[PDB]
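Structure first, commentary second.
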Amino acid sequence: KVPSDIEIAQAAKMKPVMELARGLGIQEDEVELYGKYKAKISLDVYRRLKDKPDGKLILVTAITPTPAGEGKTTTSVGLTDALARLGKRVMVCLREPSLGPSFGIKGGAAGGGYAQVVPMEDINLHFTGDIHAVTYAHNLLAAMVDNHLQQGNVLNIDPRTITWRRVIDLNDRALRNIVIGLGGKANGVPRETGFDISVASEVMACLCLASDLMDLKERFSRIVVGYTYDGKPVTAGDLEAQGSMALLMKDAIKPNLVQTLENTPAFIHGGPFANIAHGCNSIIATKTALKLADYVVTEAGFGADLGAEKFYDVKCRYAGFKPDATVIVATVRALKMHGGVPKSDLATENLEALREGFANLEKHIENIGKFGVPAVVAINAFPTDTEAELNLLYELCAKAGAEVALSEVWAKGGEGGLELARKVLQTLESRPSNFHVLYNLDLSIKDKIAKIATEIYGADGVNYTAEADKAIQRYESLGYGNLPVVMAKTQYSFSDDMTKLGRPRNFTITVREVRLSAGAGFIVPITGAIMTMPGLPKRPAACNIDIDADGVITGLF
Amino acid sequence: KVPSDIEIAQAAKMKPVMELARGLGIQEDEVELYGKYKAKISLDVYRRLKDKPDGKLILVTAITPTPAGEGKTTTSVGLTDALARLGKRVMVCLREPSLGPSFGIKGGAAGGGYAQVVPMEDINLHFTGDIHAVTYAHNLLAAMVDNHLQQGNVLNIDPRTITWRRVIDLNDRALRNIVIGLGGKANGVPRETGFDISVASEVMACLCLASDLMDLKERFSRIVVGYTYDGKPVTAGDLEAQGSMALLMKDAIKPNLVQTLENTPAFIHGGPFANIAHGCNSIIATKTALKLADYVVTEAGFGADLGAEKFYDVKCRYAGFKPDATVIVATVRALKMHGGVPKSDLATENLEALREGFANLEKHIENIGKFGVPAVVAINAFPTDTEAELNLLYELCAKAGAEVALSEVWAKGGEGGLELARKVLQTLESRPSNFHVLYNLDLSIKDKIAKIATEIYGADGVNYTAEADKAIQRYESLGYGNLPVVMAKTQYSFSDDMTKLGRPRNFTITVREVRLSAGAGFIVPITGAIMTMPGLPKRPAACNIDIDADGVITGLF
Amino acid sequence: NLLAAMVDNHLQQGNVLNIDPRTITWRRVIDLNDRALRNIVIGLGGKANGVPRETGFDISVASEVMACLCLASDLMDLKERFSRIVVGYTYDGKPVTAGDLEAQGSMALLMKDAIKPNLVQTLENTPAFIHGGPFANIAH
Ligand SMILES: Nc1ncnc2c1ncn2[C@@H]1O[C@H](COP(=O)(O)OP(=O)(O)O)[C@@H](O)[C@H]1O
Ligand SMILES: Nc1ncnc2c1ncn2[C@@H]1O[C@H](COP(=O)(O)OP(=O)(O)O)[C@@H](O)[C@H]1O
């Protein structure tokens with residue numbers, strides 16, 4: 001018997017975040033509660049502590065994802081709980097989930113098992129209203145664009161080249177492509193546009209790479225909404241919108257102090273797209289936790305090929321962060337799959353598969369290697385992984401020359417994470433990390449993409465469509481050449497072939513389109529149509545969700 | 001002499017709401033803070049005081065609106081504050097403003113001068129996120145309708161008969177008329193629709209008319225979104241959205257405790273339109289106040305002919321309230337506009353036009369009479385009124401059997417309302433009310449409409465277009481005939497012609513359209529052209545809005 | 001376009017054949033160079049006005065009707081080909097042809113003079129037929 005995630009977080013025992021705020025030496029006029037159990041820590045905290053030295057930066061990443069599931073949050077949070085069970089002054093920084101999944105597929109634990117962050121309900125509903133403000137700032141900008149068209153279009157924008165869309169945090173496919181502006185001289189200018197899920201907002205992206213508020217304000221100002229008739233780009237700043245957008249963000253820029261079932265301080269702040277964007281919680285939440293703990297467990301989206309890579313290449317580069325360790329997660333199950341084992345064959349023990357599957361992990365370790373960062377494999381263990389496999393895998397990481405550990409934080413709490421914690425410590429004490437950015441700003445865009453594609457995915461090279469080259473020609477020329485590179489591609493493989501599992505070689509990566517996030521300050525190579533607006537299943541969670549007289553919720557998890 | 005509104009909202013010391021909370025007999029386990037100066041109060045409070053007697057209910061209303069501004073919210077707060085001075089246990093209930101105005105037309109205070117509920121900024125912006133919840137629940141329903149189409153359209157909704165629009169709390173004209181569902185079979189069902197500003201949402205109206213959560217859930221279920229190809233209604237019940245929507249409103253349902261400049265406790269909750277909806281703050285807020293205090297002041301959008309009338313015929317009806325008194329706000333200024341005087345020369349004394357305009361106010365007093373509620377006029381003092389004009393206003397007011405007070409609450413705060421406060425108290429001590437609604441629900445839709453039109457508006461009779469006659473017959477045959485009537489008409493005339501100021505005679509009203517709010521529980525006849533989505537001006541306030549590092553806001557107020 | 005008109009009417013009249021409007025391959029045609037018509041949304045205005053859907057126009061000579069005119073052996077053959085024309089698919093993916101909407105006789109009738117070749121001549125009075133005019137890329 002293990003009870004369900006929800007029953008767990010429910011029977012759990014939360015501590016007023018005000019005391020946790022206290023225990024980290026957050027002043028009480030810097031806390032801003034939302035009930036006894038969530039709060040916004042003013043930015044003033046960091047800026048009074050900007051010199052006190054940063055704790056030690058630990059990134060949790062993982063192997064390329066699989067239907068089997070890796071448990072990268074579970075084990076990013078469990079490690080956190082072990083490090084507190086060892087009297088380390090440690091936090092965990094995490095991403096806020098979109099609201100949308102809650103009502104479609106289902107709501108999920110900020111982690112899972114005995115490695116959750118709480119309160120789980122609030123995290124999955126409106127929480128502190130973070131995403132409501134993004135949405136509202138994005139759409140106020142769009143509002144202002146369409147209105148600017150209505151008022152005579154002084155800036156001579158071609159309505160048909162407007163890249164600025166709209167957001168809503170519901171999986172609504174009906175809004176993917178729409179026409180707005182209908183009904184005459186009074187109601188605007190008809191045009192084609194659409195809606196993406198709000199977490200994919202560039203505004204969401206900025207939230208997460210803004211340094212202070214005035215950085216968010218100015219990033220806003222840089223955003224490309226669309227181009228004039230002569231091809232000249234127009235910005236949020238041209239529309240003199242950056243003010244009001246910043247204003248709508250005033251409270252959302254502040255990170256949200258929650259906690260674990262084991263009362264370790266957690267930040268939850270930001271939650272951007274991991275493909276068309278960098279995949280991390282905000283910089284604010286990390287740079288703050290850094291001045292507040294001696295250890296900061298944090299994480300990034302997908303496998304290490306995308307999350308970690310960008311974590312280093314965009315976030316760390318921006319923030320001046322110098323990560324220290326990095327855990328890479330894995331299962332004998334997720335690895336059996338990378339050895340041509342269909343999801344039904346995860347039942348039978350399979351010593352032979354686990355060997356070839358390993359190729360995925362080894363590749364990652366090398367790639368983490370490539371940053372001057374001390375890896376550590378962590379192994380999320382599963383109820384039917386017979387010990388045959390475990391040691392066989394255990395072997396292969398050491399046989400591949402990097403540290404390895406069993407992780408039982410799912411089933412056992414901070415206790416199951418002690419082993420791994422210790423190695424992270426062994427590593428933190430004895431293994432310094434000369435982190436370097438995998439590339440240089442001044443490289444041409446293609447050079448940059450080559451690097452990542454060649455060095456990280458392990459490809460023989462990159463190929464570029466007619467439009468893709470045309471677009472890069474446009475941007476280098478507009479000056480947007482300096483920026484980093486965010487790699488819009490599948491996650492389920494090192495390649496773009498969503499089915500090329502393991503370490504496929506001989507392949508090349510093909511770049512179909514190239515979008516700009518001037519505001520976030522990056523550039524997005526696309527290697528496959530990107531799902532920016534999911535739709536609801538045949539029967540949405542919504543249909544089965546309910547709340548009674550007592551406030552009892554069913555169907556949410 | 002008197003500072004600005006924003007200057008005032010920052011100077012005055014706010015008391016931790018938890019105190020105000022306790023001061024009212026609200027247990028700690030019933031208050032959830034949103035910082036120090038905001039709180040949601042539990043619905044458990046009303047339940048634990050179900051059997052205490054109600055304080056006195058006092059409605060603040062006004063003569064016919066002009067573009068000049070009228071005096072209402074400011075009197076509500078000002079009256080409240082004077083009563084607290086006079087020693088009385090008093091609360092004021094107010095509506096939450098939409099986010100929209102803040103960026104286009106203008107963000108003004110919840111009141112003004114020294115008669116303001118605060119914290120200003122938070123009330124005007126995201127507040128405690130109620131409107132966001134309303135927004136998101138309404139659009140989740142929308143999303144669910146379209147998904148229904150896409151998933152085989154089992155309920156057989158004719159997309160084209162869909163009445164459920166979408167909402168956003170921005171002034172976005174371009175969204176009024178849209179076509180969605182485009183892109184292929186993968187992307188939903190192409191159809192026409194649009195957005196309304198969030199506070200026009202039936203969800204908002206249900207929030208404001210609900211008795212608690214399970215009632216709000218029920219109303220939700222009764223919401224009609226569209227019709228089968230056969231003309232049979234399809235409700236949100238039918239798509240099983242009520243639990244989700246409810247769940248999304250679980251914090252939105254509790255009223256928000258806040259306060260005036262003088263720390264008088266104050267509820268802000270709900271915020272509907274006064275034309276397609278009843279334009280009152282919530283029943284939950286009002287009905288709790290009546291338990292926690294001996295005097296509750298609340299108010300209604302637009303003029304007495306609209307807000308007051310709907311306050312009595314809808315709100316009080318749903319709730320079994322009985323107004324003990326009612327204040328009508330008049331200004332010498334506007335009463336002259338009603339006597340012909342254009343906006344440009346309102347400062348010039350003109351007793352004859354003032355005598356003519358009084359007709360407007362006279363008609364309103366008569367109308368409050370018809371509900372059994374003793375009236376008291378409040379003259380909102382302006383520096384350019386002459387003593388002669390004021391005295392003439394008191395003459396007519398008494399010659400019309402109404403007590404009247406001058407009210408300098410905008411400048412002097414609670415003190416400028418003592419004379420009024422005392423007159424109100426004199427009326428309560430000596431003229432106990434005989435409250436009754438204007439009309440019985442038995443009457444047909446056309447009878448109920450006639451009775452309002454003739455008794456209240458002073459209309460001769462009422463006309464219909466063929467479309468209105470079809471709707472009324474549809475609504476009747478579908479059994480919504482015994483519903484209350486909410487008249488969307490212009491606010492600036494008793495007539496349905498916005499130019500016909502003063503006390504128009506020999507006129508007819510025309511009902512062009514009839515929509516239905518089955519969840520809110522009423523029928524909406526439309527007379528003019530009704531704007532359920534304002535749009536941005538030439539140079540929107542959002543362009544002039546900034547915030548710097550010090551947190552200092554400019555061009556927002 | 002009569003066929004087109006008949007497809008949409010089919011939708012409006014209760015959509016008995018259960019065409020998914022969105023899978024409709026039968027566009028409309030006009031023998032003008034009109035770019036603005038390539039991508040359109042039709043069927044708007046209310047239940048009185050048809051079924052909103054995406055579609056567009058092709059220049060008339062690209063029309064399959066033109067191609068059938070040019071490949072037909074006579075009228076009854078042109079009628080048959082017509083009937084076999086696929087306009088779209090049921091929600092189930094099964095094809096719905098012009099046969100299914102019973103348009104082939106009408107279309108045929110509309111082509112009763114169109115079917116005969118047109119005799120004319122060269123500058124030197126050598127006899128000359130002009131008849132048919134399809135695209136050489138999507139058609140022959
Ligand atoms: N060891 C385990 N056994 C069973 N279920 C697990 C285990 N670890 C994680 N899970 C569940 O599966 C999901 C995957 O873990 P999570 O950390 O959320 O994945 P990721 O962060 O890689 O998306 C979690 O929601 C959790 O409930
Ligand atoms: N006596 C007065 N002198 C100056 N300004 C006033 C006075 N009374 C009201 N106002 C202003 O009018 C504005 C809008 O009118 P308000 O007082 O809210 O009345 P209403 O609710 O009828 O619109 C407020 O922001 C307030 O500052």
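In the text below, chain A, chain B and the rest are named by the order of the sequence lines, each starting its count at 1.
Side chains of A:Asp196 and A:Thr532: a donor-acceptor N/O pair is present below 3.5 angstrom, by distance only. Under the 3.5 Å distance criterion, with hydrogens and angles disregarded, a donor-acceptor pair is assigned to the side chains of A:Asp497 and A:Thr499. Side-chain polar atoms of A:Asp385 and A:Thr331 form no donor-acceptor pair below 3.5 angstrom. A:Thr64 and A:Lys363 form no side-chain donor-acceptor contact under 3.5 Å, judged by distance and modelled atom types alone.
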> So A:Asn544 and A:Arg539, side chain to side chain donor-acceptor pair (under 3.5 Å) or not? Walk me through it.
Replying inline: CA-CA 9 Å; A:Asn544 307 276; A:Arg539 256 295 226 70; 3.1 Å; yes
> Hey, mind stepping through C:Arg22 and B:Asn187 against side chain to side chain donor-acceptor pair (under 3.5 Å) and telling me if it holds?
Replying inline: CA-CA 10 Å; C:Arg22 293 159 311 175; B:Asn187 295 24; over 6 Å; no
> Taking it one step at a time, do A:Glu389 and A:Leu335 satisfy side-chain contact (heavy atoms from CB on, under 4.5 Å)?
Replying inline: CA-CA 10 Å; A:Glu389 291 156 325; A:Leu335 281 161; over 6 Å; no
>> Working note: A:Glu467 + A:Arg512, criterion salt bridge (charged side-chain N to carboxylate O under 4.0 Å, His left out); need CA distance, chi angles, decisive distance, verdict.
In response: CA-CA 7 Å; A:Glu467 113 191 71; A:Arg512 284 167 144 196; over 6 Å; no
>> Go through it in stages, so that I can follow the logic: the residues are C:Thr90 and C:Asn18, the test is side chain to side chain donor-acceptor pair (under 3.5 Å), and I'd like the CA-CA distance, side-chain angles, deciding distance and then a yes or no.
In response: CA-CA 5 Å; C:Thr90 53; C:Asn18 203 239; 5.9 Å; no
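Shown are B:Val189, B:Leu239, B:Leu140; of these, the side-chain contact (heavy atoms from CB on, under 4.5 Å) with B:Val145 is made only by B:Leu239. Checked options A:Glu366, A:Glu362, A:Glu356; the residue passing with A:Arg503 is A:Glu366 (criterion: salt bridge (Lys or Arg N to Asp or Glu O under 4.0 Å)).
Nearest heavy-atom pair, A:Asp313 versus A:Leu438, reported as atom, atom and distance to 0.1 Å: OD1-N, 3.1 Å. Between A:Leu406 and A:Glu419, the closest heavy-atom pair is N-OE2, 3.4 Å. Taking both residues in full, the closest heavy atoms of A:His278 and A:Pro272 are given as CE1-CG, 3.7 Å, listed atom of the first, atom of the second, then distance. Among all heavy-atom pairs drawn from A:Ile368 and A:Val373, the shortest one is CG2-O, 3.7 Å. The two residues A:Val514 and A:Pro525 come nearest to each other via the heavy atoms CG2-CA, 4.3 Å. A:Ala459 and A:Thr454 get closest at one heavy-atom pair: O-OG1, 3.3 Å.
Checking side-chain atoms of A:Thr61 against main-chain N and O of A:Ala304 turns up a donor-acceptor pair under 3.5 Å. Without hydrogens or angle criteria, A:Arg333 side chain to A:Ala381 main chain gives no donor-acceptor distance under 3.5 Å. No side-chain donor-acceptor contact under 3.5 Å links A:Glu299 to the backbone of A:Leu94. Within the 3.5 Å criterion, the main-chain N or O of A:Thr73 finds no donor-acceptor partner in the side chain of A:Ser76. At least one donor-acceptor pair closer than 3.5 Å links the side chain of A:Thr465 to the backbone N or O of A:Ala468. Looking only at distances, a side-chain donor or acceptor of A:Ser433 sits under 3.5 Å from a matching main-chain atom of A:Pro323. The backbone N or O of C:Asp20 lies less than 3.5 Å from a partner atom in the side chain of C:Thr23, making a donor-acceptor pair. Judged purely by atom type and a 3.5 angstrom limit, A:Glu455 has no side-chain atom pairing as donor or acceptor with the backbone of A:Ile452. With hydrogens and angles disregarded, no donor-acceptor distance shorter than 3.5 Å links the side chain of A:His338 to the backbone of A:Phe358. A donor-acceptor pair is defined here as one N or O able to donate and one able to accept, closer than 3.5 Å; such a pair exists between the side chain of A:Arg176 and the backbone of B:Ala186.
For the atom pair CG of A:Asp305 and NZ of A:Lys310, the computed distance is 9.0 Å after rounding to the nearest 0.5 Å. Rounded to the nearest 0.5 Å, atoms CG (A:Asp130) and CD1 (A:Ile268) are 10.0 Å apart. The structure places OG1 of A:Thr527 at 11.5 Å from CD of A:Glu513, a figure rounded to the nearest 0.5 Å. Here the CG atom belonging to A:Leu536 is positioned 8.5 Å from the SG atom belonging to A:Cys543, to the nearest 0.5 angstrom. The distance from the CG atom of A:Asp324 to the CZ atom of A:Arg431 is 11.5 Å, given to the nearest 0.5 Å. The structure places CD1 of A:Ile509 at 3.5 Å from CG of A:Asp496, a figure rounded to the nearest 0.5 Å.
Within a 6.0 Å radius of OH in A:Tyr492, other residues, nucleotides and ligands contribute 12 heavy atoms or fewer. Residue A:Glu349 places its CD atom among 12 or fewer non-hydrogen atoms of other residues, nucleotides or ligands, all under 6.0 Å distant. More than 12 non-hydrogen atoms from other residues, nucleotides or ligands lie less than 6.0 angstrom from NZ of A:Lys446.
In this structure, B:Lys185 is not positioned above the aromatic face of C:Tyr89 in the sense of NZ or CZ being under 6.0 Å from the six-membered ring centre and within 45° of the axis.
Legend: residues meeting ring-ring contact (aromatic ring centres under 6.0 Å, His included) with A:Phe302, ordered by chain and number and at least two apart, are absent. Partners of A:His364 under the ring-ring contact (aromatic ring centres under 6.0 Å, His included) rule, at least two apart in sequence or in another chain, are A:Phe494. By the side-chain hydrogen bond (donor to acceptor under 3.5 Å, both in side chains) test, A:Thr427 is found to be paired with no residue, residues two or more places apart in sequence or in another chain being considered. For A:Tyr312, the ring-ring contact (aromatic ring centres under 6.0 Å, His included) partners at least two apart in sequence or on another chain are A:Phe371. A search for side-chain hydrogen bond (donor to acceptor under 3.5 Å, both in side chains) contacts involving A:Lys336 returns nothing, not counting sequence neighbours.
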Which donor-acceptor pairs under 3.5 Å do the side chains of residues 97-116 of chain A make with protein atoms, sequence neighbours left out?
from	atom 1	to	atom 2	distance (Å)
A:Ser98	OG	A:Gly100	N	2.9
A:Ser98	OG	A:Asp169	OD1	2.6
A:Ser98	OG	A:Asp169	OD2	3.4
A:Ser102	OG	A:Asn124	O	3.0
A:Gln116	NE2	A:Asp5	O	2.9
A:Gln116	NE2	A:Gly113	O	2.7

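The shortest distance between side-chain heavy atoms of A:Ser495 and A:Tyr457 does not fall below 4.5 Å. Side-chain contact between A:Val511 and A:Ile526: absent, with no pair of heavy atoms (C-beta onward) separated by less than 4.5 Å. A heavy-atom distance below 4.5 Å is not found between the side chains of A:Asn380 and A:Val409. Between A:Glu403 and A:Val377, every side-chain heavy-atom pair lies at or beyond the 4.5 Å cut-off. Residues A:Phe382 and A:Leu346 have side chains not in contact (no heavy-atom distance under 4.5 Å, counting atoms from C-beta outward). Side-chain contact between B:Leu247 and A:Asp546 is absent, with no heavy atoms from C-beta onward closer than 4.5 Å. A heavy-atom distance below 4.5 Å is not found between the side chains of A:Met533 and A:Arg173.
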